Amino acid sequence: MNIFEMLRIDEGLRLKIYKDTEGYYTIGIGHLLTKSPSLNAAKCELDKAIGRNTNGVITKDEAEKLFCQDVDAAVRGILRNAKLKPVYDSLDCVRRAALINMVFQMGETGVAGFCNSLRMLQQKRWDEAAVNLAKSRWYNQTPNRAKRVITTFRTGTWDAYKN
């Protein structure tokens, strides 16, 4: 298991424009296109992202290319953020993937505001952090995914992504 396999489990793979769990136009492995309600706006974003006239459909290779970029962008967003970088730097490789997963799903700004959960993670108070992370809109709206990510923070293992 690694961050790519983990996000592929959590995000799935779809080759045509779909709506994510928040109702927003998306494609591939959780590549958010736009928050605009306009499908035409989403199609412009898609053609721009892929570099061709896609008609709302992409290939697996194209989806994986966007995914490469999006994982990289989540990591760069962590490293540039004054609240997230110290936490990321304090974590082991497996728990770093859990933090990347959160940022991929919710964005840097949202995660960076969880000052209590972040402190508990940096303090390595894993069970406390896990309880605190569940007191979130994130956990309530996507509980199965959040449980997997939280178990990853709690244990430092990939156990929640087996089977």
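One-based numbering along the sequence shown.
Test of understanding: from the entry's C-alpha B-factors, which stretch has the higher mean, 90-98 or 34-42? If you average the C-alpha B-factors of 90-98 and of 34-42, the larger mean comes out for 34-42.
Selected stretch [higher average CA B-factor]: 13-21 or 149-157: Mean C-alpha B-factor is greater for 13-21.
Which of these, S136, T26, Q69, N55, has its C-alpha atom at the highest B-factor, as the entry lists it? Result of the comparison over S136, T26, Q69, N55: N55.
Looking at the C-alpha B-factor of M1, is it in the lowest, middle or highest third of its chain? Its C-alpha B-factor belongs to the highest third of this chain's values.
CA B-factor placement of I50, once the chain's modelled residues are sorted into thirds: For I50, the deposited C-alpha B-factor lands in the middle third.
Would you please rank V131 by its C-alpha temperature factor against the other modelled residues of its chain and give the third it falls in: lowest, middle or highest? Its C-alpha B-factor belongs to the middle third of this chain's values.
Sorting the chain's CA B-factors, does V103 end up in the lowest, middle or highest third? Lowest third, going by the recorded CA B-factors of the chain.
Where the record places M120 (Cα B-factor, split into thirds across the chain): Middle third, going by the recorded CA B-factors of the chain.
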